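Please read the structure below before turning to the comments.
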Amino acid sequence: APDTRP
Amino acid sequence: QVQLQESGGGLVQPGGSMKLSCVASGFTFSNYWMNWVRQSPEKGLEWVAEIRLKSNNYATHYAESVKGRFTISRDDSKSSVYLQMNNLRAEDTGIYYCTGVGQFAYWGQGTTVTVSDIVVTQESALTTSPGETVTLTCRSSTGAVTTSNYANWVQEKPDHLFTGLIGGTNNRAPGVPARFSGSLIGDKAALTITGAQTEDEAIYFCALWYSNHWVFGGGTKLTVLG
Ligand SMILES: *[C@H]1O[C@H](CO)[C@H](O)[C@H](O)[C@H]1NC(C)=O
């Protein structure tokens, strides 16, 4: 997965 | 107000080298991956490189078009990301943007560089009018788009002004109007404007994630008539 940080 | 500001572009000859810089403010820079994306003279967006966090040993990935020639780096103490470009080619000509956050929420103004196989498909153009519902779509040549492609939607307004609207398929970026929503519909990613407004006349790009790189679609020119 990519940068999934909100 | 998050701000990204690129610098270092110019007018160079083939074979040369150039280093771009981007300084970030208004968010916790060190907690997010950063990317470079470029826009060529034929108006298309192309993802160039990403850099991950200190906790990922600053891992990097590149588009095959620049692998071995470009180097992405970052300095968290200066809130800055860099792109070293070697062996420049005419095809590297474009506007270079630094961008990141969920996953392309924030974009700088861009710095111009003039040097002198998955396909993502979007509708070339759609026409709507104020108050209508319009849905833009984003198809992958690999097969069905799923949540594992982490679809993003980005808006280009005049003068090369990019704003991320949606990331992770359906997560609206902070401050983005509620009329914008992301979905998956019939094996494609989709952006819906529920009640289009005159100011929504713009070019809309989707980007899809494939394990370790992004592919941007060709963009949809949305006209809002009346
Ligand atoms: C999604 O990306 C962020 C990047 O910091 C985190 O690493 C998060 O843990 C990721 N999701 C999963 C399930 O690992």
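To be explicit about the labels: the chains of the structure tokens are called A, B, and onward in the order shown, and within each one the residues are counted from 1, while ligands get numbers from 1 in the order they are shown.
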* To do: List all protein, DNA and RNA residues that have at least one atom no more than 8 Å from any atom of ligand 1, counting only C-alpha atoms and all ligand atoms, and write them as a PyMOL selection string.
  => (chain A and resi 1-5) or (chain B and resi 31-33+53)
As a PDB file with N, CA and C atoms, in the first residue's frame, could you give me every residue of chain B near chain A (at most 12 Å apart, counting only C-alpha atoms)?
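Okay, selection.pdb is ready:
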ATOM      1  N   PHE B  27       2.118  21.335   7.640  1.00  0.00           N
ATOM      2  CA  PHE B  27       1.817  19.959   8.034  1.00  0.00           C
ATOM      3  C   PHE B  27       3.090  19.301   8.553  1.00  0.00           C
ATOM      4  N   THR B  28       2.938  18.159   9.215  1.00  0.00           N
ATOM      5  CA  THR B  28       4.078  17.446   9.780  1.00  0.00           C
ATOM      6  C   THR B  28       4.799  16.684   8.660  1.00  0.00           C
ATOM      7  N   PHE B  29       5.636  17.412   7.925  1.00  0.00           N
ATOM      8  CA  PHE B  29       6.376  16.914   6.751  1.00  0.00           C
ATOM      9  C   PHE B  29       7.026  15.544   6.971  1.00  0.00           C
ATOM     10  N   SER B  30       7.697  15.374   8.109  1.00  0.00           N
ATOM     11  CA  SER B  30       8.428  14.139   8.416  1.00  0.00           C
ATOM     12  C   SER B  30       7.552  12.887   8.592  1.00  0.00           C
ATOM     13  N   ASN B  31       6.240  13.063   8.756  1.00  0.00           N
ATOM     14  CA  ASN B  31       5.303  11.941   8.872  1.00  0.00           C
ATOM     15  C   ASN B  31       4.721  11.438   7.547  1.00  0.00           C
ATOM     16  N   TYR B  32       5.007  12.126   6.439  1.00  0.00           N
ATOM     17  CA  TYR B  32       4.422  11.777   5.139  1.00  0.00           C
ATOM     18  C   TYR B  32       5.470  11.468   4.082  1.00  0.00           C
ATOM     19  N   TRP B  33       5.130  10.539   3.188  1.00  0.00           N
ATOM     20  CA  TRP B  33       5.940  10.290   2.003  1.00  0.00           C
ATOM     21  C   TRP B  33       5.818  11.521   1.118  1.00  0.00           C
ATOM     22  N   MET B  34       6.830  11.774   0.303  1.00  0.00           N
ATOM     23  CA  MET B  34       6.742  12.847  -0.686  1.00  0.00           C
ATOM     24  C   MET B  34       7.033  12.304  -2.072  1.00  0.00           C
ATOM     25  N   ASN B  35       6.450  12.967  -3.069  1.00  0.00           N
ATOM     26  CA  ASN B  35       6.559  12.569  -4.464  1.00  0.00           C
ATOM     27  C   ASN B  35       6.956  13.757  -5.317  1.00  0.00           C
ATOM     28  N   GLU B  50       9.059   8.673  -5.509  1.00  0.00           N
ATOM     29  CA  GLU B  50       8.571   8.816  -4.135  1.00  0.00           C
ATOM     30  C   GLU B  50       9.714   8.596  -3.168  1.00  0.00           C
ATOM     31  N   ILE B  51       9.593   9.190  -1.988  1.00  0.00           N
ATOM     32  CA  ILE B  51      10.494   8.908  -0.879  1.00  0.00           C
ATOM     33  C   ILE B  51       9.665   8.711   0.385  1.00  0.00           C
ATOM     34  N   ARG B  52      10.030   7.700   1.164  1.00  0.00           N
ATOM     35  CA  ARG B  52       9.242   7.273   2.314  1.00  0.00           C
ATOM     36  C   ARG B  52       9.858   7.925   3.565  1.00  0.00           C
ATOM     37  N   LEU B  53       9.600   7.363   4.742  1.00  0.00           N
ATOM     38  CA  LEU B  53       9.953   8.019   5.998  1.00  0.00           C
ATOM     39  C   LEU B  53      11.322   7.584   6.500  1.00  0.00           C
ATOM     40  N   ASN B  56      11.283   4.048   7.411  1.00  0.00           N
ATOM     41  CA  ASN B  56      11.455   3.149   6.265  1.00  0.00           C
ATOM     42  C   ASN B  56      12.852   3.257   5.638  1.00  0.00           C
ATOM     43  N   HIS B  61      11.404   4.911  -4.671  1.00  0.00           N
ATOM     44  CA  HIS B  61      10.993   4.227  -5.897  1.00  0.00           C
ATOM     45  C   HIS B  61      10.897   5.263  -7.005  1.00  0.00           C
ATOM     46  N   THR B  99       4.537  16.858  -4.249  1.00  0.00           N
ATOM     47  CA  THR B  99       3.174  16.571  -3.823  1.00  0.00           C
ATOM     48  C   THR B  99       3.132  15.375  -2.874  1.00  0.00           C
ATOM     49  N   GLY B 100       2.204  15.424  -1.926  1.00  0.00           N
ATOM     50  CA  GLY B 100       1.945  14.298  -1.049  1.00  0.00           C
ATOM     51  C   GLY B 100       0.729  14.517  -0.176  1.00  0.00           C
ATOM     52  N   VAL B 101       0.553  13.587   0.764  1.00  0.00           N
ATOM     53  CA  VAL B 101      -0.526  13.553   1.780  1.00  0.00           C
ATOM     54  C   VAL B 101      -1.836  12.985   1.229  1.00  0.00           C
ATOM     55  N   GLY B 102      -2.131  11.755   1.621  1.00  0.00           N
ATOM     56  CA  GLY B 102      -3.431  11.123   1.385  1.00  0.00           C
ATOM     57  C   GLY B 102      -4.096  11.151   0.010  1.00  0.00           C
ATOM     58  N   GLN B 103      -3.424  10.812  -1.092  1.00  0.00           N
ATOM     59  CA  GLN B 103      -1.981  10.645  -1.250  1.00  0.00           C
ATOM     60  C   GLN B 103      -1.379  11.819  -2.046  1.00  0.00           C
ATOM     61  N   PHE B 104      -2.222  12.635  -2.648  1.00  0.00           N
ATOM     62  CA  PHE B 104      -1.795  13.781  -3.442  1.00  0.00           C
ATOM     63  C   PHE B 104      -2.621  15.027  -3.136  1.00  0.00           C
ATOM     64  N   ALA B 105      -2.917  15.259  -1.850  1.00  0.00           N
ATOM     65  CA  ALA B 105      -3.691  16.410  -1.383  1.00  0.00           C
ATOM     66  C   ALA B 105      -3.082  17.778  -1.681  1.00  0.00           C
ATOM     67  N   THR B 147     -10.052  -1.280  -4.188  1.00  0.00           N
ATOM     68  CA  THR B 147      -9.507  -0.425  -3.132  1.00  0.00           C
ATOM     69  C   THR B 147      -7.987  -0.580  -2.978  1.00  0.00           C
ATOM     70  N   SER B 148      -7.422  -1.710  -3.420  1.00  0.00           N
ATOM     71  CA  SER B 148      -5.964  -1.899  -3.443  1.00  0.00           C
ATOM     72  C   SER B 148      -5.218  -1.026  -4.459  1.00  0.00           C
ATOM     73  N   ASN B 149      -5.946  -0.336  -5.343  1.00  0.00           N
ATOM     74  CA  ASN B 149      -5.355   0.694  -6.209  1.00  0.00           C
ATOM     75  C   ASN B 149      -5.380   2.111  -5.619  1.00  0.00           C
ATOM     76  N   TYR B 150      -5.997   2.293  -4.453  1.00  0.00           N
ATOM     77  CA  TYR B 150      -5.944   3.559  -3.709  1.00  0.00           C
ATOM     78  C   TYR B 150      -6.170   4.788  -4.594  1.00  0.00           C
ATOM     79  N   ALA B 151      -7.253   4.757  -5.367  1.00  0.00           N
ATOM     80  CA  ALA B 151      -7.480   5.775  -6.388  1.00  0.00           C
ATOM     81  C   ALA B 151      -7.477   7.180  -5.783  1.00  0.00           C
ATOM     82  N   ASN B 152      -6.751   8.092  -6.431  1.00  0.00           N
ATOM     83  CA  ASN B 152      -6.758   9.508  -6.096  1.00  0.00           C
ATOM     84  C   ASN B 152      -7.366  10.307  -7.238  1.00  0.00           C
ATOM     85  N   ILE B 166      -9.538  13.651  -3.600  1.00  0.00           N
ATOM     86  CA  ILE B 166      -9.862  12.347  -3.033  1.00  0.00           C
ATOM     87  C   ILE B 166      -8.591  11.508  -3.021  1.00  0.00           C
ATOM     88  N   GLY B 167      -8.366  10.760  -1.941  1.00  0.00           N
ATOM     89  CA  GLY B 167      -7.367   9.695  -1.911  1.00  0.00           C
ATOM     90  C   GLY B 167      -7.944   8.447  -1.287  1.00  0.00           C
ATOM     91  N   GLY B 168      -7.202   7.346  -1.369  1.00  0.00           N
ATOM     92  CA  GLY B 168      -7.667   6.071  -0.832  1.00  0.00           C
ATOM     93  C   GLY B 168      -9.078   5.720  -1.272  1.00  0.00           C
ATOM     94  N   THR B 169      -9.338   5.879  -2.573  1.00  0.00           N
ATOM     95  CA  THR B 169     -10.639   5.605  -3.220  1.00  0.00           C
ATOM     96  C   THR B 169     -11.740   6.633  -2.937  1.00  0.00           C
ATOM     97  N   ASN B 171     -11.713   8.929   0.277  1.00  0.00           N
ATOM     98  CA  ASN B 171     -11.418   9.804   1.410  1.00  0.00           C
ATOM     99  C   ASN B 171     -11.201  11.220   0.898  1.00  0.00           C
ATOM    100  N   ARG B 172     -12.091  12.132   1.282  1.00  0.00           N
ATOM    101  CA  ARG B 172     -12.025  13.528   0.845  1.00  0.00           C
ATOM    102  C   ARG B 172     -10.868  14.217   1.578  1.00  0.00           C
ATOM    103  N   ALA B 173     -10.005  14.917   0.840  1.00  0.00           N
ATOM    104  CA  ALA B 173      -8.870  15.640   1.444  1.00  0.00           C
ATOM    105  C   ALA B 173      -9.375  16.815   2.299  1.00  0.00           C
ATOM    106  N   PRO B 174      -8.580  17.259   3.297  1.00  0.00           N
ATOM    107  CA  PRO B 174      -9.102  18.307   4.188  1.00  0.00           C
ATOM    108  C   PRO B 174      -9.434  19.605   3.450  1.00  0.00           C
ATOM    109  N   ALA B 207      -5.277   8.966 -10.358  1.00  0.00           N
ATOM    110  CA  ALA B 207      -4.041   8.202 -10.235  1.00  0.00           C
ATOM    111  C   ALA B 207      -4.328   6.897  -9.518  1.00  0.00           C
ATOM    112  N   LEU B 208      -3.765   5.812 -10.045  1.00  0.00           N
ATOM    113  CA  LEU B 208      -3.937   4.472  -9.480  1.00  0.00           C
ATOM    114  C   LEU B 208      -2.589   3.887  -9.066  1.00  0.00           C
ATOM    115  N   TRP B 209      -2.601   3.147  -7.959  1.00  0.00           N
ATOM    116  CA  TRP B 209      -1.399   2.588  -7.339  1.00  0.00           C
ATOM    117  C   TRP B 209      -1.285   1.122  -7.720  1.00  0.00           C
ATOM    118  N   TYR B 210      -0.100   0.713  -8.177  1.00  0.00           N
ATOM    119  CA  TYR B 210       0.151  -0.679  -8.558  1.00  0.00           C
ATOM    120  C   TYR B 210       1.350  -1.226  -7.795  1.00  0.00           C
ATOM    121  N   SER B 211       1.096  -1.654  -6.558  1.00  0.00           N
ATOM    122  CA  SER B 211       2.091  -2.285  -5.663  1.00  0.00           C
ATOM    123  C   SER B 211       3.232  -1.377  -5.174  1.00  0.00           C
ATOM    124  N   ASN B 212       3.931  -0.712  -6.097  1.00  0.00           N
ATOM    125  CA  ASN B 212       5.054   0.177  -5.751  1.00  0.00           C
ATOM    126  C   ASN B 212       5.252   1.406  -6.670  1.00  0.00           C
ATOM    127  N   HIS B 213       4.229   1.777  -7.440  1.00  0.00           N
ATOM    128  CA  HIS B 213       4.292   2.968  -8.302  1.00  0.00           C
ATOM    129  C   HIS B 213       2.893   3.455  -8.650  1.00  0.00           C
ATOM    130  N   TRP B 214       2.808   4.706  -9.099  1.00  0.00           N
ATOM    131  CA  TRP B 214       1.546   5.306  -9.537  1.00  0.00           C
ATOM    132  C   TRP B 214       1.507   5.466 -11.043  1.00  0.00           C
TER     133      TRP B 214
END
* Can you tell me, as a PyMOL selection string, what residues are no more than 10 Å from range 192-200 of chain B when counting only C-alpha atoms, ignoring any on the same chain fewer than 3 positions away? -> chain B and resi 128-137+155-157+177-183+203-204+222-226
Generate the output file for the selected residues, N, CA and C atoms, as a compact mmCIF listing (two decimals), in the first residue's frame.
# COMPACT_ATOMS: atom_id res chain seq x y z
N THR B 128 -21.26 19.52 -18.46
CA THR B 128 -22.37 19.55 -17.52
C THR B 128 -22.85 21.00 -17.40
N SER B 129 -23.75 21.23 -16.45
CA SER B 129 -24.19 22.59 -16.14
C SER B 129 -24.38 22.71 -14.64
N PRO B 130 -24.46 23.96 -14.14
CA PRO B 130 -24.60 24.10 -12.70
C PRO B 130 -25.81 23.36 -12.14
N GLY B 131 -25.59 22.65 -11.04
CA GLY B 131 -26.64 21.94 -10.35
C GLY B 131 -26.84 20.50 -10.79
N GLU B 132 -26.13 20.07 -11.83
CA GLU B 132 -26.26 18.70 -12.26
C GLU B 132 -25.31 17.80 -11.51
N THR B 133 -25.56 16.50 -11.62
CA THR B 133 -24.68 15.50 -11.07
C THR B 133 -23.86 14.94 -12.22
N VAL B 134 -22.54 14.93 -12.07
CA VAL B 134 -21.66 14.43 -13.12
C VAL B 134 -20.67 13.47 -12.51
N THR B 135 -20.39 12.38 -13.21
CA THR B 135 -19.49 11.34 -12.72
C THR B 135 -18.41 11.09 -13.74
N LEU B 136 -17.16 11.23 -13.29
CA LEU B 136 -15.97 10.99 -14.10
C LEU B 136 -15.45 9.62 -13.73
N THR B 137 -14.88 8.89 -14.69
CA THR B 137 -14.40 7.54 -14.40
C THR B 137 -12.95 7.32 -14.80
N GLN B 155 -7.51 17.92 -9.05
CA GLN B 155 -8.08 18.96 -9.91
C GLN B 155 -7.00 19.92 -10.37
N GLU B 156 -6.97 20.21 -11.67
CA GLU B 156 -6.12 21.26 -12.24
C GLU B 156 -6.97 22.45 -12.65
N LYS B 157 -6.77 23.59 -11.99
CA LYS B 157 -7.38 24.85 -12.40
C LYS B 157 -6.35 25.71 -13.15
N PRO B 177 -14.56 20.55 -0.83
CA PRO B 177 -16.00 20.66 -0.74
C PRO B 177 -16.76 19.34 -0.75
N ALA B 178 -17.85 19.27 0.01
CA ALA B 178 -18.66 18.07 0.17
C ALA B 178 -19.32 17.59 -1.11
N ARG B 179 -19.50 18.47 -2.10
CA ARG B 179 -20.06 18.04 -3.39
C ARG B 179 -19.18 17.04 -4.14
N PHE B 180 -17.90 16.94 -3.79
CA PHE B 180 -16.99 15.95 -4.39
C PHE B 180 -17.01 14.65 -3.61
N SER B 181 -17.16 13.53 -4.30
CA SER B 181 -17.06 12.22 -3.66
C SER B 181 -16.41 11.20 -4.57
N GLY B 182 -15.71 10.25 -3.95
CA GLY B 182 -15.05 9.17 -4.68
C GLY B 182 -15.75 7.85 -4.47
N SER B 183 -15.73 7.01 -5.50
CA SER B 183 -16.37 5.70 -5.46
C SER B 183 -15.67 4.70 -6.38
N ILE B 203 -9.64 20.56 -15.22
CA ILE B 203 -9.20 19.24 -15.68
C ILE B 203 -9.04 18.35 -14.45
N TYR B 204 -9.58 17.14 -14.50
CA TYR B 204 -9.56 16.23 -13.37
C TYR B 204 -8.74 15.00 -13.72
N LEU B 222 -13.58 18.95 -17.84
CA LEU B 222 -14.96 19.17 -17.48
C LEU B 222 -15.33 20.60 -17.81
N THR B 223 -16.34 20.78 -18.67
CA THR B 223 -16.91 22.09 -18.96
C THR B 223 -18.23 22.21 -18.21
N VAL B 224 -18.48 23.38 -17.59
CA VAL B 224 -19.72 23.64 -16.87
C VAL B 224 -20.39 24.81 -17.59
N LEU B 225 -21.44 24.50 -18.36
CA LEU B 225 -22.09 25.45 -19.27
C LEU B 225 -23.38 25.98 -18.67
N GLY B 226 -23.52 27.31 -18.63
CA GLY B 226 -24.76 27.96 -18.19
C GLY B 226 -24.75 28.26 -16.70
* Selection near residue 72 in chain B, 7 Å with only C-alpha atoms, sequence-local residues under 3 positions removed, as number ranges by chain -> B: 49, 51, 82-84
* To do: Tell me, in Å to one decimal, how far CA of residue 91 in chain B is from CA of residue 165 in chain B.
  => 28.5 Å
